[PDB]
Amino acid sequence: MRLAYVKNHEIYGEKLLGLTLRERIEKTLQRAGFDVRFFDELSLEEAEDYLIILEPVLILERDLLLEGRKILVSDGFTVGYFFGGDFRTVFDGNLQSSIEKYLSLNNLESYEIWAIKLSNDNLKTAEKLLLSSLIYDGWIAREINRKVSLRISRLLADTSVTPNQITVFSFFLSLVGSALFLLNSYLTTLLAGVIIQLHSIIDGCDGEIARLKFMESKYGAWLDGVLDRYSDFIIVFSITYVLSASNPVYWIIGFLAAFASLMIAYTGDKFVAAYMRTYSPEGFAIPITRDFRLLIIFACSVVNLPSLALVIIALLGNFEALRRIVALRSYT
């Protein structure tokens, strides 16, 4: 058992993006495996480890790990103290003095963590930093979609909307786009592409809201990916069906595109299942991840050429999948 002692401050009562800052630091520290104790005057309980936080701070780091006695720092500024259980043998009922004496008999190493010290002025700075802490994204995802999706999640933060609700809703948008494709006209094809790209953007909000409001879940991760598999398939299927009326050859291209869209996903998730680490190719890889796939569909749709999108997704998709098969034979 580890205890995190956090001194109360009036600023902790302010809400930032759906939760009070008090709940945020409480939940963040609990994630790290610490029992949290807020205090004005400190009374020490027995525990294996102790975390002491005197100044009000917003922790932005996501996978905090504290093994071994250290001092927590953010840009030269001390955030908190991480002491061992032997701190019990020095504590005398007065906090600063006990810390002072304890620090004098020690020579503690510093440890950098992502956090921002809170003031009544920099709360806007804290929000932007907290939002930026929510973003394995492809280049299109990171540099385009996130810019919009974060602005949306910011607004969704103030609501009771759950990550799962966003996921299903995002899925529904992909259906609207697919439906618009079935109407077989440039206008509807254009509207289709726009909503597909919107779907691409909003599919980041489910994850953003999940991390922002500490509502991540195993089922959430599962459903998020699965419905993306359904969306990719249904989108490609819709585009192929309309095109098949003109040329039956598009069935073949359609098949190859749908398969590729699924395999880029499968190969990645299967890697995680087998290696138990995040998939991330070190060097060159053909940019045909989902953010690219939907942007390609969007772009080709605005010029009334969804068929060209299938060709690219089929080609770049299948080749990248094959590239991954050959590449992964290496380090394993």
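Note that residue numbering begins at 1 and tracks the sequence as displayed.
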Classify the number of deposited-sequence residues missing from the model between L129 and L130: none, 1 to 3, 4 to 9, or 10 or more. none
Got a sec? Mean C-alpha B-factor, which is higher, 58 to 66 or 268 to 276? 58 to 66
Is the mean CA B factor in the deposited entry higher across 314 to 322 or across 11 to 19? 11 to 19
Return the residue from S119, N145, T240, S160 that has the highest Cα B-factor in the entry. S119
Hey, out of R154, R211, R88, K218, whose CA B-factor is highest in the deposited coordinates? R88
Select lowest, middle or highest to describe the third in which the CA B-factor of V36 falls within its chain in this entry. highest
Cα B factor band for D232 (lowest, middle or highest third within the chain): lowest
Quick check for you: using the entry's CA B-factors within this chain, is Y102 in the lowest, middle or highest third? highest
Could you tell me which third, lowest, middle or highest, the C-alpha B-factor of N184 occupies within its chain? lowest
Of the three thirds of Cα B-factor ranks in this chain, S200 occupies the lowest
